[PDB]
$ cat upload.txt   # compact mmCIF, C-alpha atoms and all ligand atoms
# COMPACT_ATOMS: atom_id res chain seq x y z
CA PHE M 60 -27.04 -6.33 -10.50
CA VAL M 61 -29.91 -3.84 -10.29
CA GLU M 62 -31.86 -6.50 -8.20
CA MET M 63 -28.90 -6.58 -5.72
CA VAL M 64 -28.31 -2.81 -5.29
CA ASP M 65 -29.43 -1.67 -1.84
CA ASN M 66 -29.88 -5.24 -0.48
CA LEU M 67 -28.07 -4.42 2.86
CA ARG M 68 -29.39 -2.82 5.99
CA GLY M 69 -28.11 -2.38 9.56
CA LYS M 70 -27.67 -0.13 12.63
CA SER M 71 -24.59 2.02 13.20
CA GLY M 72 -21.94 -0.04 15.05
CA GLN M 73 -23.93 -3.32 14.52
CA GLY M 74 -22.78 -4.20 10.97
CA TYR M 75 -24.73 -4.86 7.77
CA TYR M 76 -27.06 -7.75 7.00
CA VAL M 77 -28.59 -9.26 3.89
CA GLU M 78 -31.83 -11.31 3.72
CA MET M 79 -31.43 -14.99 3.15
CA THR M 80 -33.91 -17.85 3.10
CA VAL M 81 -33.16 -21.18 4.74
CA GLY M 82 -35.26 -24.34 4.38
CA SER M 83 -38.37 -25.43 2.55
CA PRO M 84 -40.69 -23.81 2.76
CA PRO M 85 -38.28 -20.81 2.95
CA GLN M 86 -37.73 -19.10 6.31
CA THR M 87 -36.48 -15.53 5.75
CA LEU M 88 -33.82 -14.21 8.15
CA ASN M 89 -31.58 -11.14 8.26
CA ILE M 90 -27.98 -12.33 8.15
CA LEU M 91 -24.80 -10.36 9.06
CA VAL M 92 -22.36 -10.11 6.17
CA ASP M 93 -18.99 -10.94 7.78
CA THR M 94 -15.77 -11.02 5.69
CA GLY M 95 -13.83 -11.84 8.89
CA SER M 96 -15.18 -15.38 9.51
CA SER M 97 -16.16 -18.41 7.47
CA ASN M 98 -19.24 -20.04 9.07
CA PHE M 99 -22.79 -19.66 8.07
CA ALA M 100 -24.63 -19.75 11.45
CA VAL M 101 -28.19 -18.86 12.30
CA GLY M 102 -30.07 -18.35 15.62
CA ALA M 103 -32.07 -21.62 15.90
CA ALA M 104 -33.82 -21.43 19.35
CA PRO M 105 -35.59 -18.64 21.28
CA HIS M 106 -33.54 -15.74 22.61
CA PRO M 107 -34.80 -12.59 24.31
CA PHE M 108 -33.32 -10.33 21.56
CA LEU M 109 -34.64 -12.35 18.61
CA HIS M 110 -38.18 -12.63 17.43
CA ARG M 111 -37.37 -15.08 14.74
CA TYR M 112 -35.01 -17.88 14.24
CA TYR M 113 -34.37 -20.89 12.11
CA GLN M 114 -36.70 -23.72 13.01
CA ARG M 115 -35.14 -26.89 11.69
CA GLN M 116 -38.32 -28.88 12.48
CA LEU M 117 -40.26 -26.76 9.90
CA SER M 118 -37.80 -27.41 7.02
CA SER M 119 -38.51 -30.56 5.00
CA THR M 120 -35.07 -30.20 3.27
CA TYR M 121 -33.06 -29.94 6.53
CA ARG M 122 -30.46 -32.75 7.18
CA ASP M 123 -28.64 -33.06 10.54
CA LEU M 124 -24.88 -33.59 10.25
CA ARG M 125 -24.87 -34.93 13.88
CA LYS M 126 -21.86 -32.83 14.89
CA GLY M 127 -21.75 -29.87 17.31
CA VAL M 128 -19.57 -26.74 16.92
CA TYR M 129 -18.39 -24.34 19.62
CA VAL M 130 -17.17 -20.81 18.57
CA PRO M 131 -15.59 -18.69 21.32
CA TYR M 132 -14.79 -15.02 20.77
CA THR M 133 -12.69 -12.86 23.11
CA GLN M 134 -16.06 -11.18 23.99
CA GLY M 135 -18.61 -13.93 23.81
CA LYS M 136 -19.58 -17.10 22.06
CA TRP M 137 -21.99 -19.06 19.98
CA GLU M 138 -22.44 -22.77 19.75
CA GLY M 139 -24.71 -25.16 17.89
CA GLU M 140 -25.42 -28.19 15.68
CA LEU M 141 -24.11 -28.53 12.12
CA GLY M 142 -26.46 -29.45 9.32
CA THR M 143 -27.19 -28.63 5.64
CA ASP M 144 -30.32 -27.07 4.09
CA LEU M 145 -31.33 -25.19 0.92
CA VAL M 146 -30.35 -21.51 1.03
CA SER M 147 -31.09 -18.61 -1.32
CA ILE M 148 -30.52 -14.82 -1.26
CA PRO M 149 -33.90 -13.21 -2.26
CA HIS M 150 -32.18 -10.03 -3.44
CA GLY M 151 -29.08 -11.79 -4.87
CA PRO M 152 -28.51 -14.35 -7.72
CA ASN M 153 -31.50 -16.38 -8.89
CA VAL M 154 -30.26 -19.69 -7.46
CA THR M 155 -30.62 -22.00 -4.42
CA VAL M 156 -27.79 -24.02 -3.02
CA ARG M 157 -27.33 -26.69 -0.45
CA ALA M 158 -25.09 -25.15 2.23
CA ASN M 159 -23.67 -26.00 5.65
CA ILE M 160 -25.63 -24.26 8.37
CA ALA M 161 -24.74 -24.08 12.01
CA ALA M 162 -27.96 -23.85 13.99
CA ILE M 163 -27.01 -21.74 17.02
CA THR M 164 -28.59 -23.32 20.04
CA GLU M 165 -26.87 -21.22 22.78
CA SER M 166 -24.93 -18.01 22.72
CA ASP M 167 -23.51 -15.29 25.02
CA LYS M 168 -23.16 -11.61 24.04
CA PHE M 169 -23.58 -12.51 20.37
CA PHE M 170 -27.17 -11.35 19.59
CA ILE M 171 -27.32 -7.65 20.79
CA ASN M 172 -30.51 -5.77 22.07
CA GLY M 173 -32.44 -4.07 19.23
CA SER M 174 -30.08 -5.59 16.75
CA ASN M 175 -32.09 -7.03 13.85
CA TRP M 176 -29.87 -9.78 12.46
CA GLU M 177 -30.56 -13.37 13.36
CA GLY M 178 -27.44 -14.97 11.91
CA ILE M 179 -23.97 -14.48 10.43
CA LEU M 180 -22.73 -15.19 6.93
CA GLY M 181 -18.95 -15.85 7.12
CA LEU M 182 -17.57 -14.95 3.70
CA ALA M 183 -13.92 -15.68 4.42
CA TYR M 184 -12.08 -18.98 3.47
CA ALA M 185 -12.32 -22.62 4.67
CA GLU M 186 -9.00 -22.34 6.61
CA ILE M 187 -10.64 -20.37 9.39
CA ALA M 188 -14.03 -22.25 9.40
CA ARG M 189 -15.05 -23.95 12.68
CA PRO M 190 -14.71 -26.74 13.76
CA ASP M 191 -12.09 -27.14 10.96
CA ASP M 192 -11.48 -26.38 7.35
CA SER M 193 -13.41 -29.33 6.07
CA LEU M 194 -16.72 -27.48 6.70
CA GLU M 195 -17.22 -25.86 3.31
CA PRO M 196 -18.14 -22.14 3.67
CA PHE M 197 -21.27 -20.76 2.09
CA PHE M 198 -19.64 -18.86 -0.82
CA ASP M 199 -17.61 -21.91 -1.83
CA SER M 200 -20.84 -24.06 -2.08
CA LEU M 201 -22.48 -21.18 -3.96
CA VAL M 202 -19.79 -21.07 -6.57
CA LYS M 203 -19.32 -24.81 -6.86
CA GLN M 204 -23.07 -25.49 -7.28
CA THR M 205 -24.07 -22.78 -9.71
CA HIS M 206 -22.48 -20.64 -12.45
CA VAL M 207 -22.21 -17.49 -10.14
CA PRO M 208 -18.69 -15.95 -10.81
CA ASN M 209 -16.30 -16.35 -7.88
CA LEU M 210 -16.37 -12.78 -6.70
CA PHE M 211 -18.53 -10.44 -4.66
CA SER M 212 -18.39 -6.75 -3.86
CA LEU M 213 -19.58 -4.63 -0.91
CA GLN M 214 -20.77 -1.01 -0.87
CA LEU M 215 -21.25 -0.23 2.87
CA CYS M 216 -22.81 3.26 3.23
CA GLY M 217 -22.60 5.28 6.50
CA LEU M 228 -29.07 4.02 16.59
CA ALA M 229 -29.03 5.36 13.03
CA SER M 230 -30.08 3.02 10.17
CA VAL M 231 -27.53 2.22 7.43
CA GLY M 232 -27.73 0.71 3.97
CA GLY M 233 -25.51 -0.65 1.22
CA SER M 234 -25.18 -3.31 -1.46
CA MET M 235 -23.68 -6.78 -1.71
CA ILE M 236 -23.26 -7.62 -5.38
CA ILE M 237 -22.77 -11.34 -5.62
CA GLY M 238 -20.80 -12.56 -8.67
CA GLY M 239 -20.01 -9.17 -10.13
CA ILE M 240 -18.91 -5.56 -10.00
CA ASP M 241 -21.67 -2.94 -10.43
CA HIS M 242 -20.21 0.21 -12.06
CA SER M 243 -22.94 2.45 -10.72
CA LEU M 244 -21.72 1.90 -7.17
CA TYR M 245 -18.31 3.70 -7.61
CA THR M 246 -16.55 6.54 -9.35
CA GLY M 247 -13.05 6.74 -10.68
CA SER M 248 -10.37 4.14 -10.75
CA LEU M 249 -10.56 0.65 -9.20
CA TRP M 250 -7.22 -0.39 -7.64
CA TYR M 251 -6.41 -3.94 -6.69
CA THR M 252 -4.16 -5.17 -3.81
CA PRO M 253 -3.20 -8.92 -3.62
CA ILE M 254 -4.93 -11.30 -1.14
CA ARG M 255 -1.67 -12.31 0.47
CA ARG M 256 -3.15 -15.60 1.68
CA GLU M 257 -6.58 -17.16 1.48
CA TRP M 258 -7.80 -17.48 5.10
CA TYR M 259 -8.90 -14.08 6.21
CA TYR M 260 -9.01 -11.52 3.35
CA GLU M 261 -5.43 -10.66 4.21
CA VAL M 262 -3.61 -7.78 2.48
CA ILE M 263 -0.36 -5.83 3.06
CA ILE M 264 -0.12 -2.18 4.05
CA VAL M 265 3.21 -0.67 2.92
CA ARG M 266 2.97 2.90 4.32
CA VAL M 267 0.75 4.97 6.59
CA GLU M 268 0.40 8.77 6.47
CA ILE M 269 -1.54 11.08 8.74
CA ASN M 270 -2.31 14.39 6.98
CA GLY M 271 0.41 13.67 4.44
CA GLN M 272 3.02 12.86 7.13
CA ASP M 273 4.61 9.43 7.06
CA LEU M 274 4.29 7.50 10.29
CA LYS M 275 7.78 6.21 9.47
CA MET M 276 7.50 2.78 11.07
CA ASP M 277 9.08 -0.41 9.75
CA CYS M 278 6.22 -1.45 7.45
CA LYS M 279 6.05 -4.94 8.98
CA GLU M 280 4.61 -3.13 12.07
CA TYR M 281 1.57 -2.17 9.89
CA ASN M 282 0.84 -5.84 9.33
CA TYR M 283 1.67 -7.35 12.74
CA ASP M 284 0.53 -10.03 12.84
CA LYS M 285 -1.68 -9.55 9.77
CA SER M 286 -3.89 -6.94 8.04
CA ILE M 287 -7.43 -7.94 7.00
CA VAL M 288 -10.54 -6.49 5.35
CA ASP M 289 -13.36 -7.16 7.79
CA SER M 290 -16.99 -6.06 7.37
CA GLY M 291 -17.78 -7.66 10.85
CA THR M 292 -15.58 -5.13 12.71
CA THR M 293 -16.79 -1.61 13.28
CA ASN M 294 -13.52 0.29 13.86
CA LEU M 295 -10.29 0.78 12.04
CA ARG M 296 -8.17 -1.32 14.47
CA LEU M 297 -4.42 -0.94 14.48
CA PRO M 298 -1.62 -2.89 16.09
CA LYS M 299 -0.63 -1.33 19.46
CA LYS M 300 2.55 0.46 18.33
CA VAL M 301 0.83 1.73 15.19
CA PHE M 302 -2.23 2.84 17.16
CA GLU M 303 0.00 4.88 19.59
CA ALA M 304 1.85 6.61 16.76
CA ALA M 305 -1.50 7.35 15.06
CA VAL M 306 -3.12 8.82 18.17
CA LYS M 307 0.03 10.94 18.81
CA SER M 308 -0.26 12.26 15.28
CA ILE M 309 -4.07 12.87 15.37
CA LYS M 310 -3.68 14.61 18.78
CA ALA M 311 -0.99 16.88 17.29
CA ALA M 312 -3.26 17.92 14.38
CA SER M 313 -6.30 18.56 16.69
CA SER M 314 -4.36 20.20 19.54
CA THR M 315 -6.67 23.27 19.46
CA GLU M 316 -8.99 20.85 21.31
CA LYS M 317 -7.97 19.03 24.50
CA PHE M 318 -10.09 15.93 24.75
CA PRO M 319 -10.17 13.57 27.79
CA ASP M 320 -8.20 10.25 27.58
CA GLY M 321 -11.49 8.30 27.53
CA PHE M 322 -12.15 9.86 24.11
CA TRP M 323 -8.93 8.50 22.56
CA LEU M 324 -9.89 5.10 24.03
CA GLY M 325 -13.25 5.22 22.41
CA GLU M 326 -14.88 5.35 25.86
CA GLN M 327 -16.31 8.88 25.84
CA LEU M 328 -18.04 11.14 23.28
CA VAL M 329 -16.89 14.71 22.52
CA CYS M 330 -19.29 17.37 21.32
CA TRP M 331 -19.69 20.73 19.69
CA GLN M 332 -22.72 22.92 19.16
CA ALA M 333 -25.05 21.73 16.35
CA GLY M 334 -23.42 22.04 12.93
CA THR M 335 -20.20 23.59 14.35
CA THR M 336 -17.81 20.60 14.43
CA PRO M 337 -14.29 21.78 13.29
CA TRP M 338 -13.73 18.91 10.81
CA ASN M 339 -10.80 20.77 9.40
CA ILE M 340 -8.73 20.25 12.54
CA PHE M 341 -8.88 16.40 12.16
CA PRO M 342 -6.37 14.91 9.69
CA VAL M 343 -7.07 12.47 6.85
CA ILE M 344 -5.48 9.05 7.07
CA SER M 345 -4.00 7.28 4.01
CA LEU M 346 -3.19 3.56 4.06
CA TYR M 347 -0.98 2.59 1.07
CA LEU M 348 -1.78 -1.03 0.01
CA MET M 349 0.64 -3.17 -1.95
CA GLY M 350 -0.17 -3.07 -5.69
CA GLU M 351 -0.47 -5.98 -8.17
CA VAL M 352 2.92 -4.79 -9.53
CA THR M 353 5.99 -5.14 -7.40
CA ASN M 354 7.24 -1.79 -6.26
CA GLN M 355 3.77 -0.21 -6.73
CA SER M 356 1.27 0.72 -4.07
CA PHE M 357 -1.90 2.80 -4.04
CA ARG M 358 -3.47 4.65 -1.15
CA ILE M 359 -6.89 4.74 0.32
CA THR M 360 -7.58 8.00 2.13
CA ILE M 361 -10.08 8.12 5.02
CA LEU M 362 -11.76 11.40 6.25
CA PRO M 363 -12.42 12.27 9.98
CA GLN M 364 -16.08 11.96 9.15
CA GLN M 365 -15.36 8.19 8.72
CA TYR M 366 -13.36 7.67 11.90
CA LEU M 367 -15.36 10.02 14.14
CA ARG M 368 -18.68 8.40 14.44
CA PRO M 369 -21.77 10.40 15.34
CA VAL M 370 -23.68 9.20 18.40
CA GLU M 371 -27.10 10.86 18.96
CA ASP M 372 -27.15 12.40 22.42
CA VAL M 373 -30.24 11.55 24.47
CA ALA M 374 -29.08 14.39 26.86
CA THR M 375 -27.32 17.49 25.37
CA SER M 376 -29.88 18.49 22.77
CA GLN M 377 -28.39 20.78 20.14
CA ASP M 378 -24.89 19.21 20.35
CA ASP M 379 -23.25 17.01 17.69
CA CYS M 380 -21.42 14.28 19.64
CA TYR M 381 -18.78 11.82 18.28
CA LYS M 382 -17.00 8.58 19.23
CA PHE M 383 -13.37 7.95 18.11
CA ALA M 384 -13.57 4.76 15.98
CA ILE M 385 -9.84 3.92 15.69
CA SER M 386 -8.87 1.44 18.40
CA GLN M 387 -6.05 -0.90 19.45
CA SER M 388 -5.71 -4.49 18.17
CA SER M 389 -3.61 -7.40 19.31
CA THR M 390 -4.38 -9.49 16.14
CA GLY M 391 -3.19 -7.10 13.38
CA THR M 392 -4.73 -4.21 11.45
CA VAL M 393 -8.46 -4.58 10.99
CA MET M 394 -10.04 -2.58 8.16
CA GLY M 395 -13.58 -2.53 9.43
CA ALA M 396 -16.67 -0.36 8.61
CA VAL M 397 -14.69 2.79 9.33
CA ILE M 398 -12.49 2.10 6.33
CA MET M 399 -14.97 0.17 4.06
CA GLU M 400 -17.66 2.89 4.30
CA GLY M 401 -15.49 5.18 2.10
CA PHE M 402 -15.23 2.63 -0.75
CA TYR M 403 -16.71 0.08 -3.03
CA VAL M 404 -14.72 -3.07 -2.09
CA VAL M 405 -14.39 -5.88 -4.57
CA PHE M 406 -13.57 -9.27 -3.17
CA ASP M 407 -12.15 -10.81 -6.33
CA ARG M 408 -11.62 -14.31 -5.10
CA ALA M 409 -11.07 -15.73 -8.72
CA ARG M 410 -8.09 -13.39 -9.10
CA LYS M 411 -6.95 -13.51 -5.48
CA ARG M 412 -7.15 -9.71 -5.06
CA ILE M 413 -9.21 -6.96 -3.37
CA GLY M 414 -10.18 -3.79 -5.28
CA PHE M 415 -11.01 -0.35 -3.84
CA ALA M 416 -12.76 2.49 -5.61
CA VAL M 417 -14.37 5.66 -4.24
CA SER M 418 -17.93 4.71 -3.29
CA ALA M 419 -20.90 6.38 -4.94
CA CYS M 420 -22.23 6.91 -1.29
CA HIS M 421 -19.01 8.25 0.52
CA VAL M 422 -19.54 10.65 3.48
CA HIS M 423 -17.93 13.87 2.13
CA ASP M 424 -16.60 17.07 3.77
CA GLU M 425 -16.43 20.70 2.60
CA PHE M 426 -12.92 20.67 1.27
CA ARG M 427 -11.68 17.07 1.18
CA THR M 428 -12.81 13.68 -0.16
CA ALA M 429 -12.27 9.94 0.65
CA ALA M 430 -9.93 8.88 -2.20
CA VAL M 431 -8.29 5.90 -3.88
CA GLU M 432 -5.12 7.03 -5.67
CA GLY M 433 -2.08 5.52 -7.37
CA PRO M 434 0.39 4.33 -8.33
CA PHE M 435 3.19 5.28 -5.90
CA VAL M 436 6.40 3.47 -6.80
CA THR M 437 9.27 2.56 -4.45
CA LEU M 438 12.74 1.44 -5.51
CA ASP M 439 12.97 -0.08 -2.00
CA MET M 440 12.45 -3.84 -2.19
CA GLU M 441 11.33 -4.49 1.40
CA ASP M 442 8.80 -7.26 2.23
CA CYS M 443 6.12 -5.66 4.51
CA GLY M 444 4.41 -9.04 5.31
CA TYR M 445 4.81 -10.61 8.74
CA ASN M 446 5.28 -14.36 9.11
CA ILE M 447 3.22 -15.71 12.01
CA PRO M 448 5.34 -18.01 14.23
CA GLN M 449 4.23 -21.53 13.29
CA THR M 450 2.86 -23.41 16.29
CA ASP M 451 3.36 -27.16 16.69
CA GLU M 452 -0.48 -27.52 16.58
CA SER M 453 -0.63 -25.88 13.05
CA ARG M 454 2.44 -27.76 11.93
CA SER M 455 1.11 -31.27 12.70
CA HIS M 456 -2.53 -31.07 11.23
CA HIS M 457 -2.64 -32.87 7.83
CA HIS M 458 -4.52 -31.25 4.98
CA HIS M 459 -5.56 -34.08 2.60
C1 LIG R 501 -18.91 -10.12 13.45
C2 LIG R 501 -19.10 -9.88 14.96
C3 LIG R 501 -20.64 -9.91 15.28
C4 LIG R 501 -18.45 -10.98 15.82
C5 LIG R 501 -18.70 -10.64 17.30
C6 LIG R 501 -18.87 -11.63 18.23
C7 LIG R 501 -19.07 -11.24 19.59
CL1 LIG R 501 -19.36 -12.58 20.73
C8 LIG R 501 -19.06 -9.90 20.05
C9 LIG R 501 -18.89 -8.93 19.05
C10 LIG R 501 -18.67 -9.32 17.71
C11 LIG R 501 -18.38 -8.30 16.62
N1 LIG R 501 -17.87 -7.13 17.06
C12 LIG R 501 -17.59 -5.94 16.21
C13 LIG R 501 -18.78 -4.91 16.27
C14 LIG R 501 -20.03 -5.51 15.62
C15 LIG R 501 -21.10 -6.00 16.40
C16 LIG R 501 -22.17 -6.52 15.65
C17 LIG R 501 -22.25 -6.62 14.26
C18 LIG R 501 -21.18 -6.12 13.50
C19 LIG R 501 -20.09 -5.57 14.21
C20 LIG R 501 -16.43 -5.27 16.79
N2 LIG R 501 -15.92 -4.19 16.15
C21 LIG R 501 -14.94 -3.42 16.71
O1 LIG R 501 -14.48 -2.42 16.12
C22 LIG R 501 -14.43 -3.83 18.05
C23 LIG R 501 -13.35 -3.15 18.67
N3 LIG R 501 -12.85 -3.61 19.88
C24 LIG R 501 -13.37 -4.71 20.50
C25 LIG R 501 -14.43 -5.44 19.89
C26 LIG R 501 -14.96 -5.00 18.64
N4 LIG R 501 -15.96 -5.69 18.02
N5 LIG R 501 -18.51 -8.61 15.36
ZN ZN R 502 -37.93 -7.51 13.65
ZN ZN R 503 -2.47 -37.61 6.97
ZN ZN R 504 -7.26 -28.98 5.91

$ encode --input "upload.txt" --output "structure tokens"
Amino acid sequence: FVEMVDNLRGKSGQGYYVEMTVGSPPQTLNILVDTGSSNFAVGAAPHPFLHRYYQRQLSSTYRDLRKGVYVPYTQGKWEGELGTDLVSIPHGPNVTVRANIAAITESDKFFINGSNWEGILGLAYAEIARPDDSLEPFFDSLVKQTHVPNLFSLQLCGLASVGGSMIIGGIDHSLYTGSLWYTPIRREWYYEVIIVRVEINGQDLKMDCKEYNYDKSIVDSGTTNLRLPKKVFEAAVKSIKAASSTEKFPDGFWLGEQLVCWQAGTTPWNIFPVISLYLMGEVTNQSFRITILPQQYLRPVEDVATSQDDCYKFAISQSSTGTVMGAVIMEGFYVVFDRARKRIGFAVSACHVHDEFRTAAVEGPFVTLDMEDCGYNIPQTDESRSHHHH
């Protein structure tokens, strides 16, 4: 796992990528690690923000599946042609596998200026793969074709350059301190988990806990922010405003639309509260908490103008598709995606962004006598209901 330590790079707010090779002879590309989707897709035609891309004509091992795929996002899209080719991870396991690859032939708002990834590695499950769940995701081919154990772990360390580690097939004990706590993968589609309680500086938000998981909660390395369902987000902002009320920020700040600044090195970190999300434990009635510092959810943005000011963006935002535990949360922790045991572990990261008097933490157990089920059951559409899964 020493070969895999430090195999991630990225830019702040543009995710983390790992090198991969596609084709023979191998074409090296920088690929976004995305635990919130399930396609392996690579830029495969010229684009003004890419200077390399997968050229299927140069790969003697490439085979066309003769099927297109179209992937809309709320903010953009990619589309392309499905095929298979040999794939390896130069700073990962010593193996090569034959994987599905979507060659992206057109896209809109997907490849960003001065972003240096040329593709996306969807690490989530077949159920959310496009065009449907019969396109086997990369990690499933990896595991089926080799002896790599069915698990990977991410150490995401906090435009400024960022680094981290994806350990494929293992847990590297040098990347965390202290205890490793597991929460169940509630269902294998996204990496879905259940939050049972939320506290802001030790004060319970006191919502029905189903609200925390409406309509799901997921661990997502392809999302920058901590995103929270609307009602949860409003209660959180109310509570963070109350703690920081010595400072009156504009509304655009709370929307993530405006930076706020203090004189160099003077930021009053101590007026911003910690946030603790309690995740359901492997034992009924148990939970454990992960505790986020302001230094994780206030993200520094280097000011081209005001020179000796430290300026920050608020990186908690609204969601209408459940809680999203993005970079803001993952950057505190070493996150173990234990697919074999259908669970996600959290430990304090060996690279966490500390504070004078407080630390990102993973702590448990907390027991409740309270039964309550905090999971939300998504209303089943007639479209979902009809599809056969043979
Ligand atoms: C995986 C990936 C590329 C999928 C994606 C597709 C498109 Cl078309 C536009 C943006 C994104 C995207 N957005 C992330 C930020 C990002 C961009 C590039 C690489 C990694 C992460 C995101 N995070 C938020 O917190 C967020 C919050 N609100 C709205 C949209 C948001 N979008 N992530
Ligand atoms: Zn480059
Ligand atoms: Zn059938
Ligand atoms: Zn199916």

$ residues_near_ligand --input "upload.txt" --ligand "ligand ZN 503 (chain R)" --cutoff "7 Å" --atoms "all atoms listed in the file" --output "PyMOL selection string"
chain M and resi 457-459

$ residues_around --input "upload.txt" --residues "residue M:332" --least-positions-apart "2" --cutoff "8 Å" --atoms "all atoms listed in the file" --output "VMD selection string"
chain M and resid 330 334 to 336 377 to 379

$ residues_near_ligand --input "upload.txt" --ligand "ligand ZN 504 (chain R)" --cutoff "12 Å" --atoms "only C-alpha atoms and all ligand atoms" --output "PDB file with C-alpha atoms, keeping the file's coordinate frame"
ATOM      1  CA  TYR M 184     -12.080 -18.980   3.470  1.00  0.00           C
ATOM      2  CA  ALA M 185     -12.320 -22.620   4.670  1.00  0.00           C
ATOM      3  CA  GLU M 186      -9.000 -22.340   6.610  1.00  0.00           C
ATOM      4  CA  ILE M 187     -10.640 -20.370   9.390  1.00  0.00           C
ATOM      5  CA  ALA M 188     -14.030 -22.250   9.400  1.00  0.00           C
ATOM      6  CA  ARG M 189     -15.050 -23.950  12.680  1.00  0.00           C
ATOM      7  CA  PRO M 190     -14.710 -26.740  13.760  1.00  0.00           C
ATOM      8  CA  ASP M 191     -12.090 -27.140  10.960  1.00  0.00           C
ATOM      9  CA  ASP M 192     -11.480 -26.380   7.350  1.00  0.00           C
ATOM     10  CA  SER M 193     -13.410 -29.330   6.070  1.00  0.00           C
ATOM     11  CA  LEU M 194     -16.720 -27.480   6.700  1.00  0.00           C
ATOM     12  CA  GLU M 195     -17.220 -25.860   3.310  1.00  0.00           C
ATOM     13  CA  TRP M 258      -7.800 -17.480   5.100  1.00  0.00           C
ATOM     14  CA  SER M 453      -0.630 -25.880  13.050  1.00  0.00           C
ATOM     15  CA  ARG M 454       2.440 -27.760  11.930  1.00  0.00           C
ATOM     16  CA  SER M 455       1.110 -31.270  12.700  1.00  0.00           C
ATOM     17  CA  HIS M 456      -2.530 -31.070  11.230  1.00  0.00           C
ATOM     18  CA  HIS M 457      -2.640 -32.870   7.830  1.00  0.00           C
ATOM     19  CA  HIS M 458      -4.520 -31.250   4.980  1.00  0.00           C
ATOM     20  CA  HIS M 459      -5.560 -34.080   2.600  1.00  0.00           C
TER      21      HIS M 459
END

$ closest_residue --input "upload.txt" --among "M:122, M:103, M:176, M:350" --to "ligand ZN 502 (chain R)" --atoms "all atoms listed in the file"
M:176

$ closest_residue --input "upload.txt" --among "M:425, M:400, M:277, M:303" --to "residue M:337" --atoms "only C-alpha atoms"
M:425

$ residues_around --input "upload.txt" --residues "stretch 105-117 of chain M" --least-positions-apart "4" --cutoff "8 Å" --atoms "all atoms listed in the file" --output "PyMOL selection string"
chain M and resi 81-84+86+88+101+121+162+170-175+177

$ atom_distance --input "upload.txt" --atom1 "atom CL1 of ligand LIG 501 (chain R)" --atom2 "atom CA of residue M:130"
8.8 Å

$ closest_residue --input "upload.txt" --among "M:127, M:369, M:433, M:342" --to "residue M:71" --atoms "only C-alpha atoms"
M:369

$ atom_distance --input "upload.txt" --atom1 "atom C8 of ligand LIG 501 (chain R)" --atom2 "atom CA of residue M:380"
24.3 Å

$ closest_residue --input "upload.txt" --among "M:239, M:151, M:363, M:321" --to "residue M:404" --atoms "only C-alpha atoms"
M:239

$ closest_residue --input "upload.txt" --among "M:215, M:413, M:440, M:348" --to "residue M:398" --atoms "only C-alpha atoms"
M:215

$ residues_near_ligand --input "upload.txt" --ligand "ligand LIG 501 (chain R)" --cutoff "9 Å" --atoms "all atoms listed in the file" --output "ChimeraX atom specification"
/M:69-76,91-96,130-137,166-171,174,176,179,181,289-296,384-388,393,395-397

$ atom_distance --input "upload.txt" --atom1 "atom CA of residue M:362" --atom2 "atom CA of residue M:430"
9.0 Å

$ residues_around --input "upload.txt" --residues "residue M:141" --least-positions-apart "6" --cutoff "9 Å" --atoms "all atoms listed in the file" --output "list in words"
residues 100, 123, 124, 125, 126, 127, 128, 159, 160, 161, 162 and 163 of chain M

$ residues_around --input "upload.txt" --residues "residue M:316" --least-positions-apart "6" --cutoff "12 Å" --atoms "all atoms listed in the file" --output "PyMOL selection string"
chain M and resi 309-310+322+329-331+336-338+340-341

$ closest_residue --input "upload.txt" --among "M:208, M:298, M:444, M:434" --to "residue M:407" --atoms "only C-alpha atoms"
M:208

$ residues_around --input "upload.txt" --residues "residue M:391" --least-positions-apart "3" --cutoff "7 Å" --atoms "all atoms listed in the file" --output "list in words"
residues 282, 283, 284, 285, 286, 297, 298 and 388 of chain M
